[PDB]
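Student: Below is one structure. I have some questions about it.
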Amino acid sequence: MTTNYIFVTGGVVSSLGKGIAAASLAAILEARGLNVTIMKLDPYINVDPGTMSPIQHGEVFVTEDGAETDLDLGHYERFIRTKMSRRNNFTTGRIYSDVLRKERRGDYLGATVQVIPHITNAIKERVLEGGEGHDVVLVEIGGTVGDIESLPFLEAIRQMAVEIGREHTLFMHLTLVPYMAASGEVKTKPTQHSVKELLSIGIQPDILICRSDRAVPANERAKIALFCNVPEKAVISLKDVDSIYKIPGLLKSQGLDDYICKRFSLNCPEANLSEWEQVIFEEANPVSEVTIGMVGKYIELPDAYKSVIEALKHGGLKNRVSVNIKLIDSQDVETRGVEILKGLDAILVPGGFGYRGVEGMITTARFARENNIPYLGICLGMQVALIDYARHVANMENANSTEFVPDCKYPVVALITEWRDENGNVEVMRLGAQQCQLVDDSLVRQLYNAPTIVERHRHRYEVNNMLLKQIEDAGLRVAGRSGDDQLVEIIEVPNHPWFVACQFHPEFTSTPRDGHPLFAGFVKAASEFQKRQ
Amino acid sequence: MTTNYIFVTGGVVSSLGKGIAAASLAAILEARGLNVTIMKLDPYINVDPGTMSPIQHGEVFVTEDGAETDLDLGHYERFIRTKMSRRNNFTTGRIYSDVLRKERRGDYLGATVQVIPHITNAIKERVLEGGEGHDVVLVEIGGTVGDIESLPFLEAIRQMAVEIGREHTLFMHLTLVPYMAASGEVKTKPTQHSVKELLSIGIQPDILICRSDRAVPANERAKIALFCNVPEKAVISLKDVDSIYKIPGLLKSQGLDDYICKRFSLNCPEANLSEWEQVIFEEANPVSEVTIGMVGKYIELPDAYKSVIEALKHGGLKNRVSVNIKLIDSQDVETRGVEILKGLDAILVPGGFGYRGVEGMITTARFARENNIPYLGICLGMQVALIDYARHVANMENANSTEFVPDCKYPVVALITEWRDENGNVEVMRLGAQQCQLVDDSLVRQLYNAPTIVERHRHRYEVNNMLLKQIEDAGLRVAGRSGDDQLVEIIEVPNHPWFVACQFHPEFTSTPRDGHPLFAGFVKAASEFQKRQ
Amino acid sequence: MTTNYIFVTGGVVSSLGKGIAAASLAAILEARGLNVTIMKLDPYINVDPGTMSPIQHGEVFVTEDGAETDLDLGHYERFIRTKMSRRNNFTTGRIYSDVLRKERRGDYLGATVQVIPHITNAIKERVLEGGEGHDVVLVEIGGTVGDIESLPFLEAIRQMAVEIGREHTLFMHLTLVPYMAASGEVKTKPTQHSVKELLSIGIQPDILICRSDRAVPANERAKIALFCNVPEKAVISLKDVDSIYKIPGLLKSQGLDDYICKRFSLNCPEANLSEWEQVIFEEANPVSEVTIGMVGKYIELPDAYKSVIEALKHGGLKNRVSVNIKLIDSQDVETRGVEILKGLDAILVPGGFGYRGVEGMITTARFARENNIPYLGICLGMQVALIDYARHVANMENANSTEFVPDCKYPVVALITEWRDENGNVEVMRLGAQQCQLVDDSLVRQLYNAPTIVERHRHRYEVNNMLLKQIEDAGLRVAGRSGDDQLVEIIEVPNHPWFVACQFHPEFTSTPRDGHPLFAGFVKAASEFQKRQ
Ligand SMILES: Nc1ccn([C@@H]2O[C@H](COP(=O)(O)OP(=O)(O)OP(=O)(O)O)[C@@H](O)[C@H]2F)c(=O)n1
Ligand SMILES: Nc1ccn([C@@H]2O[C@H](COP(=O)(O)OP(=O)(O)OP(=O)(O)O)[C@@H](O)[C@H]2F)c(=O)n1
Ligand SMILES: Nc1ccn([C@@H]2O[C@H](COP(=O)(O)OP(=O)(O)OP(=O)(O)O)[C@@H](O)[C@H]2F)c(=O)n1
């Protein structure tokens, strides 16, 4: 059976929720038994987001295969069960890097290498690579139509539509239909001007997704249908919602998936959105409420912790607990003290690099441990837990990571090559999914309810096994290990209601439907702490 | 004093002669005592033309510093005395390569790298690097305004004009004003639509250069002046000409250089175009005529030998000889025989790579030597001369280059590392200007009238010094050497009216005003041969 | 029965021959037995060309129904037998007049009247009115796509194509593919940019008609086919031709009519162009040559006499005579005398208004009559012939028209209301087709071979019947009359080889295939005169 492509573009503004719209539609199509995947084309020149700052870009999402990707692939995995890889995200940078590699090598046989056809060919090849073997492929084009940065992507998908044909390709264009107080109506003029930009570069939209702060009435949808020459049922209202989990239902209620299946001649049963209806019900009917402090160094952009924030929400769903997430700057802990950590039912220290704000995170880990406040440390969160325990229980003065203090006496965290003890004696970037072995009688062995788990890494600095035994003797427990080097993956403080810290990023395998054993356990502990007060 | 920039763009069609127009204007400004330079921005993705085929792109021009550049830099050096370097030519490929290098390295400090401002910043930086330190910098933008490939270049120069100001920047736009038989007039409508494209990307043209197959009358120039909102004296007619040497005079006669000097507030004397008037006079008043056969493997695109064709014309000027250049396919010599080399007053075998057509060039060199027909071999032309002499005089059976027959018994041409004799015994890409030492009592020592010369290389395969002495004993003379390895640069056949072959590319230092000693000597010999018949 | 529409647009330049191309294609379709018509949409604000000067816009063409139309309707009637009416030509001025009339009287029921939908609706209504009841309707859109003046027309026909559908509508776009000497090739870049402007206003061309001064090769046509996403058979080469009569054959040979009949599902036999082949043959093979002087007051624009020039050519075809048309300014006859009328085989005085140059035409008529030089007078040409005969034979001194000298003693030409005799005693704009009664034994009765004819008028001033009988008695013969007032339509001078003058415009009923009895007779007399000299 022929692979079908839905090209997802945006007009008027960038922040239309193209990713959430594509992911929500993919969820409906998957619920009709279709094999669906999603792909993100980013017009930035960065070869990948591995270099990009969290406070500039948002979180770097990590796929099972260890690709560093746009946080949109987090949306994709949280809406469909089709696993994302390197093939589901590429940048203009990646395209030019690969064309330049081929050109300098001599693969173009002395030809003049051109934006058309060579850059556009490279784009089409990567879309086909990610798409072929699926029933429906949703291809999200980053940027706003009319901008120069996305012109090669738009010319590439235009060519694909000509080659493949209108029987197996659709153009789904998101647009802003803004409300004006003065007119007391939503305005289609920006959609008119955006669609004109699309037409000028040879793309006719099949579907209009009308974004607004309210319902786009039938009268306005009728206007858009006429000026775009599309059926009225191909013009969809997507108002601002309190919950993205409702979007699949909102799109299905307007028959969007029916129109797509008709256009692609797909005979498949009606979408059963029971799993999404259940998530919505859970969210709408909490039994109790908690306040969880997230203490990190990137809080100035919450999207720096996108998957962690969603993982905490999923933890809420599974416990019927409403989670109030309080973003706390770890540097404020360094200046103002532990005063700002008061009135928290639990504390989460997420991932990060560089020494800025790390001492505040160590103080935060100490506060949580000493005051029996539920604690979850992720990557850097595990480091500061180990450092806290090394310093203040195992009596290892000024214990630190070689990342922060390279020549510290007790490098309890360090690169495998840097591993040394306090006497200077020695022995004779991990990305993606890896198996972790859980230790018998550990909290995580119970929570995960399995002897082995698979979680995703994005880190280079490990627990120093040369200084580990001393910290173990001081009472800290190793709950998880991995590989031949038996690298520490999970640590637990036993004399504590709930204290867990892991090297891997569990937030990347959390979904609203399936939740996550660790976050479910964490939020449950937060609820139990709140009740005890 | 502030550096002034003239941005040279083209509309309607690619082949307007933007390079020749920029070069011709530069010649006028240089003749007014101004320090002028020219720069070419190519929108192709090739990092440089080093990979690009001659039959696709045209000749690879080599600057003194050994940069492989667009043939436009040949136009530039043939019109102004300001020496070109790597700084006078760059591609989109070069820009992206440098931005990606910086990005992967981490110079953007975790920022999202964007077409604007990061690609445009990289373009502006390279324009400033090539421009600063000159009175006037002409910046030629490759492509046709309205195409996506040149949009980043156009946004970059738009920003430069805002920053620098209209006191020290001008937009000079070439346009096609085509004649229609039906209307019996030249048509400004394409100029109207092209200027609209310029305005849409934020550029207002200051000067319109109107290209046509005839004069653009004052009435039509008046129409263009009004719709562009420029003075009538800023609208220039540049009709098709029989000689590009006339273009400086044609532009000066319409006061283009006066307008530029007024806009840039440059107080400089009137242009004395006597040197160009003399070139025009020489060209228009030849005394005799010759037919010179150019026997190569890229004749399907004459621009493959652009600088060689111009060098032969310059040889004509200095001798008052009209040169009829007959392009002959060396593969036709292999199939049809030496029949197709009849009625030639001289034979030139130019540069090339790969074995295709080389045996035809060896046969051509043999024909010229045996029939006492003046011969000039350039690079590959020298190889086939050495091979011919090795085989047919020094009795070295099947003598060849390791490039063509790697395991041949007599590798008379080979890489320095491959150098071996006929017994297999051994000893215990050159680009740009290098000094060559000329041998006493050689033809070239007389022609160049100096013991040392500087010429430009583009080759990797050398004369094998291990097999050289045997060929010397057979009567071939070494006329030029270079470096510590004493690599053979020039060879001569003594018992011949004029037989010279060189490793370097003398065509790259030939100009219409100064000519070239070697090409002047070659065309003189062609004339003397013609008279003898 | 469903009516099919071919929308004919032009890009790059105005003077593509959109009318000749539309008319030529119509001729092929008519030769397949199809009922075809053509209409011209003119973007000028003139309600009609009734006001527009001959020396600015060219001849006012008169249809049977007495509409004053664009000279393109002359092309239409010379290529197809379908009669043009007021319905086959309208301007922007007509459309705005239509809408303003409806608005002021209150047909829009207090609605805001808008370019869309009210102006576009008015355009569509007139296109349907002219089109319905035909197999194929060719709709020529005046102007160049990308200009603001034609935007409402282009939006109107865009809407029609959506309503009617691609099964019964086609967009045929003429484009300029200009030759550049520099590249030695025709350039598709203007077509690329023109088609983008078409796409931007929501029109995708089906057929590309490629205009150039030479054949557009298959390689360039293939390039255009790909970038336009049309079949290669939908890209047509239409080079400059020496005869417009060849264009139907040239379009047929590339199968354009086959493609149109396929797209519209029209099963019709092959085009029989035998009549066009005959016209081409006749034109190419003249037996003899004649010089015919056209003495008028609008010669500064030949298009002022478009249909008269074509009628003289058609006279040539039917006699196998090459007609050298010498345009002579009648004012030069006034200043330089009858010297400038020497070396003419025949004299034609065409239509005109106002006194400027009329005395020169009267002198011209006298010269032709006295020297027995074949004479054909049309409208004003009949007036001056009557004035000549009145003055110089009937001895009516200073005889004139009331248009020129209102108070003249002998107003031999005057409005019916002004009719008076020499003593001042009294009795008691004609547009379109009218029956004229031909007098027995007259030359015109013999040539037309019918007692009655139908010819078209555009005049105000009649022959004064009160002064007629005195001119008749002096030898002049009335050859044709019309109406109840027995108005003089044709006069003849008996003692002369060929002297005819008519009130009506016979040039409007002349075609290359059928010729015209008066013009055929006139050119025959010119050849017979040339033989005698
Ligand atoms: N390509 C176009 C399309 C339309 N028009 C003009 O546009 C006017 C209505 O334009 P309005 O902003 O008043 O109302 P609307 O379009 O429904 O847009 P909105 O309220 O939903 O935002 C109307 O006279 C029409 F002539 C145009 O000139 N050129
Ligand atoms: N942005 C523009 C500019 C002009 N126009 C229209 O353009 C018409 C003349 O357009 P023409 O091709 O006949 O003559 P031209 O322009 O002198 O061009 P050319 O012969 O030198 O090629 C004229 O009615 C004017 F209304 C337009 O609609 N939109
Ligand atoms: N929307 C477009 C379309 C094309 N391009 C660029 O256009 C270059 C060839 O452009 P050329 O004038 O050399 O050749 P051509 O197109 O065949 O036109 P012609 O000779 O028939 O007139 C080529 O690198 C391609 F990348 C563009 O940037 N934007």
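All residue names refer to the structure tokens as shown: chains lettered A, B, ... in order, residues numbered from 1 in each chain, ligands numbered from 1 in order.
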Within 8 Å of chain A, which residues belong to chain C? Use only C-alpha atoms and report them as a PDB file with N, CA and C atoms, in the first residue's frame.

Tutor:
ATOM      1  N   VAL C 162     -12.914  27.853 -11.250  1.00  0.00           N
ATOM      2  CA  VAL C 162     -13.339  27.108 -10.025  1.00  0.00           C
ATOM      3  C   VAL C 162     -14.787  26.644 -10.215  1.00  0.00           C
ATOM      4  N   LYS C 196       5.185  32.551 -11.834  1.00  0.00           N
ATOM      5  CA  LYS C 196       5.107  32.792 -10.367  1.00  0.00           C
ATOM      6  C   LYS C 196       4.057  33.876 -10.079  1.00  0.00           C
ATOM      7  N   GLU C 197       4.016  34.952 -10.871  1.00  0.00           N
ATOM      8  CA  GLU C 197       3.019  36.048 -10.702  1.00  0.00           C
ATOM      9  C   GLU C 197       1.611  35.479 -10.921  1.00  0.00           C
ATOM     10  N   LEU C 199       0.653  32.249 -10.477  1.00  0.00           N
ATOM     11  CA  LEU C 199       0.393  31.385  -9.289  1.00  0.00           C
ATOM     12  C   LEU C 199      -0.026  32.252  -8.092  1.00  0.00           C
ATOM     13  N   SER C 200       0.626  33.406  -7.897  1.00  0.00           N
ATOM     14  CA  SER C 200       0.391  34.314  -6.743  1.00  0.00           C
ATOM     15  C   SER C 200      -1.056  34.828  -6.748  1.00  0.00           C
ATOM     16  N   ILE C 201      -1.682  34.940  -7.926  1.00  0.00           N
ATOM     17  CA  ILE C 201      -3.095  35.420  -8.048  1.00  0.00           C
ATOM     18  C   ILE C 201      -4.038  34.230  -8.281  1.00  0.00           C
ATOM     19  N   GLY C 202      -3.552  32.998  -8.092  1.00  0.00           N
ATOM     20  CA  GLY C 202      -4.376  31.775  -8.009  1.00  0.00           C
ATOM     21  C   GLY C 202      -4.649  31.141  -9.365  1.00  0.00           C
ATOM     22  N   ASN C 229       4.783  22.427 -14.283  1.00  0.00           N
ATOM     23  CA  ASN C 229       4.054  21.158 -14.015  1.00  0.00           C
ATOM     24  C   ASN C 229       2.942  20.975 -15.058  1.00  0.00           C
TER      25      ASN C 229
END

Student: Set the cut-off to 9 Å, count only C-alpha atoms and all ligand atoms, and list whatever residues fall near ligand 1 as a tab-separated table (two decimals) with C-alpha atoms, in the first residue's frame.

Tutor:
chain	number	residue	atom	x	y	z
A	177	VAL	CA	-7.72	33.97	12.96
A	178	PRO	CA	-7.38	36.65	15.69
A	183	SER	CA	-15.04	44.43	15.26
A	185	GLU	CA	-15.33	39.13	15.40
A	186	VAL	CA	-12.33	36.89	14.47
A	187	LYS	CA	-10.50	38.16	11.31
A	188	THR	CA	-9.74	35.97	8.21
A	189	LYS	CA	-7.58	38.69	6.47
A	190	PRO	CA	-4.26	37.24	7.85
A	191	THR	CA	-5.32	33.76	6.52
A	192	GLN	CA	-6.10	35.40	3.09
A	193	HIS	CA	-2.57	36.98	2.95
A	196	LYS	CA	-1.54	34.04	-1.05
A	220	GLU	CA	-15.87	32.72	9.15
A	223	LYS	CA	-15.41	32.63	4.12
A	224	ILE	CA	-12.01	30.80	4.45
A	227	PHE	CA	-11.27	32.09	-0.73
C	112	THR	CA	-21.22	48.16	0.10
C	113	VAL	CA	-20.11	47.68	-3.58
C	114	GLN	CA	-16.58	46.13	-3.68
C	115	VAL	CA	-13.97	45.09	-6.34
C	116	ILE	CA	-14.68	41.54	-4.99
C	117	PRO	CA	-17.35	40.42	-5.46
C	118	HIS	CA	-19.24	43.19	-7.40
C	119	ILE	CA	-16.65	44.24	-10.10
C	155	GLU	CA	-9.61	37.24	-10.35
C	201	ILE	CA	-3.09	35.42	-8.05

Student: What's the 7 Å shell around residue 132 of chain C, counting only C-alpha atoms, without same-chain residues fewer than 3 positions away, as a PyMOL selection string?

Tutor: chain C and resi 3+128-129

Student: Nearest to ligand 3 among C:90, C:19, C:108, C:221, with distances taken over only C-alpha atoms and all ligand atoms: which residue is it?

Tutor: C:221

Student: Go through chain C and flag each residue having an atom no more than 9 Å from ligand 2; for those, report the closest pair of atoms plus their distance in Å to one decimal, using only C-alpha atoms and all ligand atoms, ordered by chain and rising number, as a tab-separated table.

Tutor:
residue	atom	partner	partner_atom_place_in_ligand_line	distance
C:12	CA	ligand 2	22 (O)	8.3
C:13	CA	ligand 2	22 (O)	5.5
C:14	CA	ligand 2	12 (O)	4.7
C:15	CA	ligand 2	12 (O)	7.6
C:43	CA	ligand 2	24 (O)	7.1
C:44	CA	ligand 2	24 (O)	6.2
C:45	CA	ligand 2	24 (O)	8.9
C:143	CA	ligand 2	12 (O)	6.4
C:144	CA	ligand 2	12 (O)	6.4
C:145	CA	ligand 2	28 (O)	8.8
C:146	CA	ligand 2	29 (N)	7.2
C:147	CA	ligand 2	29 (N)	3.7
C:148	CA	ligand 2	28 (O)	4.0
C:149	CA	ligand 2	28 (O)	3.7
C:150	CA	ligand 2	28 (O)	6.6
C:151	CA	ligand 2	28 (O)	8.3

Student: Go ahead and write the selection's residues with N, CA, C and O atoms as an mmCIF file, in the first residue's frame.

Tutor:
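Wrote it out as out-v1.cif, contents follow:
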data_model
loop_
_atom_site.group_PDB
_atom_site.id
_atom_site.type_symbol
_atom_site.label_atom_id
_atom_site.label_comp_id
_atom_site.auth_asym_id
_atom_site.auth_seq_id
_atom_site.Cartn_x
_atom_site.Cartn_y
_atom_site.Cartn_z
ATOM 1 N N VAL C 12 5.627 38.882 -19.315
ATOM 2 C CA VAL C 12 6.957 39.470 -19.653
ATOM 3 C C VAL C 12 6.758 40.799 -20.395
ATOM 4 O O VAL C 12 7.263 41.821 -19.897
ATOM 5 N N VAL C 13 6.074 40.791 -21.544
ATOM 6 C CA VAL C 13 5.829 42.009 -22.378
ATOM 7 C C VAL C 13 4.388 41.980 -22.902
ATOM 8 O O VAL C 13 3.765 40.903 -22.885
ATOM 9 N N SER C 14 3.892 43.135 -23.346
ATOM 10 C CA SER C 14 2.512 43.332 -23.861
ATOM 11 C C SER C 14 2.372 42.735 -25.266
ATOM 12 O O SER C 14 1.349 42.077 -25.522
ATOM 13 N N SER C 15 3.359 42.966 -26.138
ATOM 14 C CA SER C 15 3.249 42.807 -27.613
ATOM 15 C C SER C 15 3.614 41.378 -28.039
ATOM 16 O O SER C 15 4.519 41.221 -28.884
ATOM 17 N N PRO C 43 -8.132 46.399 -20.367
ATOM 18 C CA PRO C 43 -8.031 47.015 -19.043
ATOM 19 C C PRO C 43 -8.051 48.554 -19.011
ATOM 20 O O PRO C 43 -7.965 49.102 -17.919
ATOM 21 N N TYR C 44 -8.170 49.226 -20.163
ATOM 22 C CA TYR C 44 -8.251 50.711 -20.214
ATOM 23 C C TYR C 44 -9.629 51.160 -19.708
ATOM 24 O O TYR C 44 -10.556 50.331 -19.620
ATOM 25 N N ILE C 45 -9.732 52.441 -19.340
ATOM 26 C CA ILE C 45 -10.897 53.033 -18.613
ATOM 27 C C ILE C 45 -11.880 53.639 -19.624
ATOM 28 O O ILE C 45 -13.022 53.928 -19.219
ATOM 29 N N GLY C 143 -3.228 43.397 -21.340
ATOM 30 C CA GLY C 143 -2.217 43.740 -20.323
ATOM 31 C C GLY C 143 -1.191 42.636 -20.148
ATOM 32 O O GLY C 143 -1.261 41.624 -20.882
ATOM 33 N N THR C 144 -0.250 42.844 -19.224
ATOM 34 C CA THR C 144 0.807 41.877 -18.835
ATOM 35 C C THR C 144 0.546 41.447 -17.390
ATOM 36 O O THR C 144 0.441 42.332 -16.516
ATOM 37 N N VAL C 145 0.449 40.138 -17.154
ATOM 38 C CA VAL C 145 0.232 39.550 -15.800
ATOM 39 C C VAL C 145 1.305 40.114 -14.861
ATOM 40 O O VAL C 145 2.486 40.136 -15.261
ATOM 41 N N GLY C 146 0.894 40.562 -13.671
ATOM 42 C CA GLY C 146 1.761 41.239 -12.686
ATOM 43 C C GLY C 146 1.446 42.722 -12.585
ATOM 44 O O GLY C 146 1.786 43.325 -11.549
ATOM 45 N N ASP C 147 0.833 43.293 -13.627
ATOM 46 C CA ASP C 147 0.368 44.706 -13.653
ATOM 47 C C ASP C 147 -0.956 44.787 -12.885
ATOM 48 O O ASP C 147 -1.692 43.784 -12.863
ATOM 49 N N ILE C 148 -1.241 45.925 -12.254
ATOM 50 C CA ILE C 148 -2.447 46.093 -11.391
ATOM 51 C C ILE C 148 -3.701 46.206 -12.273
ATOM 52 O O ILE C 148 -4.772 45.781 -11.811
ATOM 53 N N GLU C 149 -3.572 46.703 -13.509
ATOM 54 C CA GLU C 149 -4.736 47.080 -14.359
ATOM 55 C C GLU C 149 -5.599 45.851 -14.693
ATOM 56 O O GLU C 149 -6.812 46.049 -14.879
ATOM 57 N N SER C 150 -5.036 44.635 -14.731
ATOM 58 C CA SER C 150 -5.749 43.406 -15.178
ATOM 59 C C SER C 150 -6.124 42.507 -13.990
ATOM 60 O O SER C 150 -6.732 41.454 -14.233
ATOM 61 N N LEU C 151 -5.798 42.906 -12.755
ATOM 62 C CA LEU C 151 -6.027 42.059 -11.546
ATOM 63 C C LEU C 151 -7.499 41.660 -11.419
ATOM 64 O O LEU C 151 -7.788 40.493 -11.162
#

Student: Which residues are near segment 275-285 of chain A? Cut-off 7 Å, only C-alpha atoms, ignore same chain within fewer than 3 positions. Put them as number ranges by chain.

Tutor: A: 245-246, 317, 320, 512-513

Student: Output N, CA, C and O atoms for every residue in that selection, as an mmCIF file, in the first residue's frame.

Tutor:
data_model
loop_
_atom_site.group_PDB
_atom_site.id
_atom_site.type_symbol
_atom_site.label_atom_id
_atom_site.label_comp_id
_atom_site.auth_asym_id
_atom_site.auth_seq_id
_atom_site.Cartn_x
_atom_site.Cartn_y
_atom_site.Cartn_z
ATOM 1 N N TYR A 245 -4.639 17.301 25.656
ATOM 2 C CA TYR A 245 -5.222 15.932 25.611
ATOM 3 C C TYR A 245 -6.623 15.966 24.987
ATOM 4 O O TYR A 245 -7.093 14.905 24.546
ATOM 5 N N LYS A 246 -7.264 17.140 24.952
ATOM 6 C CA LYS A 246 -8.628 17.343 24.388
ATOM 7 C C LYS A 246 -8.571 17.523 22.865
ATOM 8 O O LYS A 246 -9.623 17.340 22.221
ATOM 9 N N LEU A 317 -1.800 12.381 37.156
ATOM 10 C CA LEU A 317 -2.920 11.620 36.533
ATOM 11 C C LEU A 317 -3.070 10.257 37.221
ATOM 12 O O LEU A 317 -4.211 9.883 37.550
ATOM 13 N N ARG A 320 -4.287 10.658 40.860
ATOM 14 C CA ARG A 320 -5.387 11.653 41.001
ATOM 15 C C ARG A 320 -4.922 12.787 41.922
ATOM 16 O O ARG A 320 -5.679 13.166 42.836
ATOM 17 N N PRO A 512 1.245 10.546 28.967
ATOM 18 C CA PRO A 512 0.018 10.730 29.745
ATOM 19 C C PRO A 512 -0.819 9.447 29.883
ATOM 20 O O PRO A 512 -1.465 9.289 30.902
ATOM 21 N N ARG A 513 -0.785 8.567 28.879
ATOM 22 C CA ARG A 513 -1.581 7.309 28.859
ATOM 23 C C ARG A 513 -0.910 6.243 29.738
ATOM 24 O O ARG A 513 -1.633 5.608 30.529
#

Student: Excluding residue 509 of chain B and its own-chain neighbours fewer than 6 positions away, which residues fall within 10 Å of it when counting only C-alpha atoms? Please give them as a VMD selection string.

Tutor: chain B and resid 62 to 64 74 77 to 78 307 311 433 454 to 456 515 to 516

Student: Can you measure atom CA of residue 56 of chain C to atom CA of residue 431 of chain C for me? One decimal in Å is fine.

Tutor: 21.6 Å

Student: So which one's closest to ligand 3, C:79, C:48, C:34, C:225? Using only C-alpha atoms and all ligand atoms, please.

Tutor: C:225

Student: Identify, with DSSP run on backbone atoms, the residues in segment 165-208 of chain C assigned to alpha helix (DSSP H), and express the list as a PyMOL selection string.

Tutor: chain C and resi 189-200

Student: Which residue is closest to residue 333 of chain B? Choose from B:362, B:347, B:387, B:408 and count only C-alpha atoms.

Tutor: B:362

Student: Using atom CA of residue 72 of chain A and atom CA of residue 124 of chain A as the two end points, give the distance in Å to one decimal.

Tutor: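 Rounded to one decimal, the two atoms are 20.4 Å apart.
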
Student: Write out as a ChimeraX atom specification each polymer residue whose atoms come within 12 Å of residue 410 of chain C, counting only C-alpha atoms; drop sequence neighbours fewer than 2 positions from it.

Tutor: /C:386-387,390-391,394-402,405-408,412-414,418-425,463-468,470-471

Student: Using atom CA of residue 176 of chain B and atom CA of residue 237 of chain B as the two end points, give the distance in Å to one decimal.

Tutor: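 Going from atom CA of residue 176 of chain B over to atom CA of residue 237 of chain B, I get 10.4 Å.
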
Student: Show me, as a VMD selection string, the residues that have an atom within 12 Å of residue 50 of chain C when counting only C-alpha atoms, minus same-chain residues fewer than 2 positions from it.

Tutor: chain C and resid 46 to 48 52 to 54 57 to 62 66 to 71 429 431 458 to 459

Student: Nearest to residue 300 of chain C: which of C:123, C:157, C:478, C:55 is it, counting only C-alpha atoms?

Tutor: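 The closest residue to residue 300 of chain C is C:55.
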
Student: Between A:174, A:488, A:161, A:154, which one has atoms that come closest to ligand 3, using only C-alpha atoms and all ligand atoms?

Tutor: A:154

Student: Can you tell me, as a list in words, which residues in segment 370-467 of chain A count as strand (DSSP E) by DSSP?

Tutor: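 Checking each residue of segment 370-467 of chain A, the strand (DSSP E) ones are residues 375, 376, 377, 378, 400, 401, 411, 412, 413, 414, 430, 431, 432, 433, 434, 435, 436, 437, 438, 452, 453, 454, 455, 456, 457, 458, 459, 462 and 463 of chain A.
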
Student: Give me a file of those residues, with C-alpha atoms, as a tab-separated table (two decimals), in the first residue's frame.

Tutor:
chain	number	residue	atom	x	y	z
A	375	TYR	CA	13.47	13.99	46.38
A	376	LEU	CA	13.93	12.99	42.68
A	377	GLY	CA	17.34	13.87	41.10
A	378	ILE	CA	17.79	13.50	37.28
A	400	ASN	CA	32.68	17.62	43.74
A	401	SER	CA	32.57	16.79	39.97
A	411	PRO	CA	36.17	13.70	42.57
A	412	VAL	CA	33.02	11.60	43.43
A	413	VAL	CA	31.73	12.53	39.89
A	414	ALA	CA	34.24	12.41	36.96
A	430	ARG	CA	26.47	8.58	26.54
A	431	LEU	CA	23.27	9.10	24.43
A	432	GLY	CA	20.00	7.13	23.99
A	433	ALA	CA	18.47	3.88	25.35
A	434	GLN	CA	20.56	1.53	27.57
A	435	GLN	CA	19.55	-1.46	29.78
A	436	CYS	CA	19.92	-0.77	33.57
A	437	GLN	CA	20.04	-3.63	36.18
A	438	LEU	CA	17.99	-2.78	39.34
A	452	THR	CA	16.01	-4.69	34.20
A	453	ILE	CA	14.72	-1.40	32.63
A	454	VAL	CA	15.59	0.66	29.47
A	455	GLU	CA	16.02	4.47	29.94
A	456	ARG	CA	17.76	7.19	27.83
A	457	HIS	CA	21.07	9.00	28.68
A	458	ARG	CA	22.47	12.48	27.86
A	459	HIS	CA	25.62	12.85	30.08
A	462	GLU	CA	29.88	9.29	35.81
A	463	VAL	CA	29.91	8.26	39.51

Student: Choose the residue, out of C:134, C:38, C:73, C:184, that has the smallest atom-to-atom separation from ligand 3; count only C-alpha atoms and all ligand atoms.

Tutor: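 Answer, going by the shortest atom-to-atom distance: C:184.
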